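These notes concern the structure reproduced below.
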Amino acid sequence: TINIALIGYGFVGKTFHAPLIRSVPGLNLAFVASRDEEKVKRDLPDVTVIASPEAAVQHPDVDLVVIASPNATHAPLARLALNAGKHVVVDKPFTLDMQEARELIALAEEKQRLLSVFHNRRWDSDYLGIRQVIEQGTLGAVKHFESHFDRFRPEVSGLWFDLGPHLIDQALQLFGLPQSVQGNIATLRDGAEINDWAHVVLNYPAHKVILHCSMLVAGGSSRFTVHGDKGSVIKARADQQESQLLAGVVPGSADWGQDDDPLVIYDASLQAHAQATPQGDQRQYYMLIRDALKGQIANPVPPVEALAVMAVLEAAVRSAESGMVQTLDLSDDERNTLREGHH
Amino acid sequence: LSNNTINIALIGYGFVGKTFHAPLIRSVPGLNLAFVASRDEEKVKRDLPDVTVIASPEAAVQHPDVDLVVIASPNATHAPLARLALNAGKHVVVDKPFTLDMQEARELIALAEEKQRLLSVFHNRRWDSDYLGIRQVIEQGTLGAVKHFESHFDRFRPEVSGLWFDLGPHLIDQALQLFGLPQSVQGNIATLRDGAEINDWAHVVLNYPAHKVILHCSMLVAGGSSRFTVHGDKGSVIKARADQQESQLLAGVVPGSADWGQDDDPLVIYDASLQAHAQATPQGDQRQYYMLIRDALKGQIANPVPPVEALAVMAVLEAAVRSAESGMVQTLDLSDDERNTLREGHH
Ligand SMILES: [Cl-]
Ligand SMILES: [Cl-]
């Protein structure tokens, strides 16, 4: 069994990590680092609460550390964990600096331990449905790929920083690294203080990718819109696993990851037909991390992939601030590794 | 020739002259299409048995009985013929494109003012059912303050002057009419269809101080897009289908007739409750362009489409192309006096 020490029982720790981990056999959430034992124990009566994060990442019976503490503590605790010989999963952001990311990637390899980042959206119902239609050949060669994370919250780190990672990760998994990145980021809600509108375009040799998210969309947009030379596919509603976790649904239960919002496909005749959307399950992230730790498969989300996401994320910000199209700040070897990994 | 009418010479009886101008003009009282310049009399006479056909454009434009010249000849002839018409003391309406470059456009504007004649450009999409509908919802205050305005021109033609230059103009013109001039323009233009040799995908963003405008053109959209998508802090509105006047004209429907400009595709509005309700889309009618030009010529009102507004569209059009090539956000190349006219023109 793999003994886990979850570091931090704040929103993310309690709402995402604990429930997912607890629902995955082969993993054992035995320790939780938190200054508030009662909060942890009312939910997890059988876990051991360790007050100090540093003490937690270095505990004897701990095999894997899941860092869900404040952003600024991710990099430090990760270093401490790897040096203590533990495997590590870091909740986004990996780090607040790419140089640190590279140092952590380097450290993990030196220490021969697994290092991964919580890019948990590769198994969403919407995404899986779209990837399926694309691989089916239904739309021919993809020329326009649009992905939205929109909602209506007129009542007032930023939307791009929070939602951009999901959008980017999915795009890189499907198409690999883009040639350039053009970004337009703004704060449009009256009185808001951080961006709530992000429109990012990723340029590829033969197609375009549009990543968009906004806090001001009462209705009318689609989670996914993809156009190819043989047809188009639209997925209206976004994967509802996050809303399920928010509601307290137990991961892996009957309606977990179910999506009754079908994929709408338009063929060359401009007519549409529906195609059932496959169920999603972000538990896959932990199931695969589990298998990787058992030597059954390679790390499902190697750290260089998280570095690639940061590169695009930061490139988009530079573009928005400078008004200039940007390239990715990745070394040739990193690009080589990412390219080869892309199968 | 009747003296109480605005006597027009339509220059060119090609696709646009025959499908758009002749039918529209003939449907507007007070206007009289008396001359048509074309090298093919029979082709003209087949539709307009009683109009006078003049072989050369120059002779038609300079005819003393002509009050207004409508230029619908090849693109390269627009600037020179407009120049000749103005110098001949005639009023002029130029089919898009106004001119091929901005300096000539500016020269024509100056010339029309010197010759004290009306000069306009055929930006005929300001009276489309979809646009009028969207404008109505915005002005109603239904969406609260507009934050994201998206306008599309998409079709599905996998089998192959560029998409941006052809369709970008009406998309831009509508945006400027609604919001005035943007602070900056960002563009991404490409050729994506297999075998295509001209851009068939254009994604342009107009940046305003408190909101964004997205104009999108593509030849590869089998389905899924909306003509207009507008989000405000109080709600959203989507207009799925495009105005049908063009299709009606192509089908030979008489402008101003029974079903002219009708649009039974409603505006779909989403309020803060996230629920949608429909709103009847107003009838569209591009005959308004000529009715207003008519009224302007009779001195009743100002030019409905002053040349400086066409110059503004050209500025945005070119700025998008520069941005697309340089990868750099662009500002518009308009003078302070042009901006003043445009700012107070937008009030
Ligand atoms: Cl992610
Ligand atoms: Cl137009």
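We name chains A, B, ... following the order of the structure tokens; residues begin at 1 in each chain, and ligands are numbered from 1 as shown.
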
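The part of chain A that reaches within 7 Å of chain B is made up of residues 143, 154, 188, 206, 207, 216, 217, 218, 219, 220, 227, 228, 229, 231, 232, 234, 266, 267, 268, 270, 323, 324 and 325 of chain A, counting only C-alpha atoms.
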
| said: Could you list, as a count of residues only, all protein and nucleic acid residues with an atom at most 9 Å from ligand 2, counting only C-alpha atoms and all ligand atoms? | reply: 17

What are the nearest atom pairs, with distances in Å to one decimal, for all residues of chain A that come at most 10 Å from ligand 1, using only C-alpha atoms and all ligand atoms, set out by chain and rising residue number as JSON lines?
```
{"residue": "A:91", "atom": "CA", "partner": "ligand 1", "partner_atom_place_in_ligand_line": "1 (Cl)", "distance": 9.3}
{"residue": "A:92", "atom": "CA", "partner": "ligand 1", "partner_atom_place_in_ligand_line": "1 (Cl)", "distance": 7.5}
{"residue": "A:93", "atom": "CA", "partner": "ligand 1", "partner_atom_place_in_ligand_line": "1 (Cl)", "distance": 9.4}
{"residue": "A:117", "atom": "CA", "partner": "ligand 1", "partner_atom_place_in_ligand_line": "1 (Cl)", "distance": 8.5}
{"residue": "A:118", "atom": "CA", "partner": "ligand 1", "partner_atom_place_in_ligand_line": "1 (Cl)", "distance": 6.4}
{"residue": "A:119", "atom": "CA", "partner": "ligand 1", "partner_atom_place_in_ligand_line": "1 (Cl)", "distance": 3.6}
{"residue": "A:120", "atom": "CA", "partner": "ligand 1", "partner_atom_place_in_ligand_line": "1 (Cl)", "distance": 5.3}
{"residue": "A:121", "atom": "CA", "partner": "ligand 1", "partner_atom_place_in_ligand_line": "1 (Cl)", "distance": 5.4}
{"residue": "A:122", "atom": "CA", "partner": "ligand 1", "partner_atom_place_in_ligand_line": "1 (Cl)", "distance": 7.8}
{"residue": "A:162", "atom": "CA", "partner": "ligand 1", "partner_atom_place_in_ligand_line": "1 (Cl)", "distance": 8.9}
{"residue": "A:163", "atom": "CA", "partner": "ligand 1", "partner_atom_place_in_ligand_line": "1 (Cl)", "distance": 7.7}
{"residue": "A:164", "atom": "CA", "partner": "ligand 1", "partner_atom_place_in_ligand_line": "1 (Cl)", "distance": 7.9}
{"residue": "A:165", "atom": "CA", "partner": "ligand 1", "partner_atom_place_in_ligand_line": "1 (Cl)", "distance": 4.7}
{"residue": "A:166", "atom": "CA", "partner": "ligand 1", "partner_atom_place_in_ligand_line": "1 (Cl)", "distance": 3.6}
{"residue": "A:167", "atom": "CA", "partner": "ligand 1", "partner_atom_place_in_ligand_line": "1 (Cl)", "distance": 7.3}
{"residue": "A:168", "atom": "CA", "partner": "ligand 1", "partner_atom_place_in_ligand_line": "1 (Cl)", "distance": 7.8}
{"residue": "A:169", "atom": "CA", "partner": "ligand 1", "partner_atom_place_in_ligand_line": "1 (Cl)", "distance": 6.0}
{"residue": "A:170", "atom": "CA", "partner": "ligand 1", "partner_atom_place_in_ligand_line": "1 (Cl)", "distance": 7.9}
{"residue": "A:306", "atom": "CA", "partner": "ligand 1", "partner_atom_place_in_ligand_line": "1 (Cl)", "distance": 8.8}
{"residue": "A:309", "atom": "CA", "partner": "ligand 1", "partner_atom_place_in_ligand_line": "1 (Cl)", "distance": 8.7}
```

So that I have them on file, write out the residues from the current selection with C-alpha atoms, as a compact mmCIF listing (two decimals), in the first residue's frame.
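Now in out18.txt:
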```txt
# COMPACT_ATOMS: atom_id res chain seq x y z
CA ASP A 91 -1.19 20.88 -6.44
CA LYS A 92 -1.09 23.75 -8.96
CA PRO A 93 0.87 25.88 -9.21
CA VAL A 117 1.77 18.08 -10.71
CA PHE A 118 -2.00 17.91 -10.30
CA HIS A 119 -3.09 18.24 -13.93
CA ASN A 120 -6.32 16.36 -13.26
CA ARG A 121 -8.45 17.35 -16.25
CA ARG A 122 -7.22 14.82 -18.82
CA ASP A 162 -6.62 29.51 -12.13
CA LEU A 163 -8.34 28.14 -15.27
CA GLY A 164 -5.66 28.52 -17.94
CA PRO A 165 -3.76 25.41 -16.77
CA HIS A 166 -6.72 23.05 -17.49
CA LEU A 167 -7.26 24.57 -20.95
CA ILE A 168 -3.57 24.55 -21.85
CA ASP A 169 -2.84 21.04 -20.56
CA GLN A 170 -5.67 19.54 -22.62
CA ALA A 306 3.78 20.78 -16.07
CA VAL A 309 2.03 24.28 -19.26
```

| request: May I have all residues of segment 65-294 of chain A that DSSP, computed from the backbone, assigns to strand (DSSP E or B), given as a VMD selection string? | output: chain A and resid 65 to 67 87 to 90 115 to 117 142 to 150 152 180 to 186 197 to 203 208 to 214 216 224 to 228 231 to 235 263 to 267 272 to 275

| field | Who sits within 6 Å of residue 87 of chain A, only C-alpha atoms, same chain under 6 positions skipped, as a count of residues only | value | 3

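Here atom CA of residue 104 of chain B stands at a distance of 13.5 Å from atom CA of residue 86 of chain B.
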
| query | How many Å lie between atom CA of residue 56 of chain B and atom CA of residue 33 of chain B, rounded to one decimal? | reply | 16.7 Å

| query | Between B:242, B:92, B:206, B:11, which is the closest to residue 179 of chain B once you count only C-alpha atoms? | reply | B:206
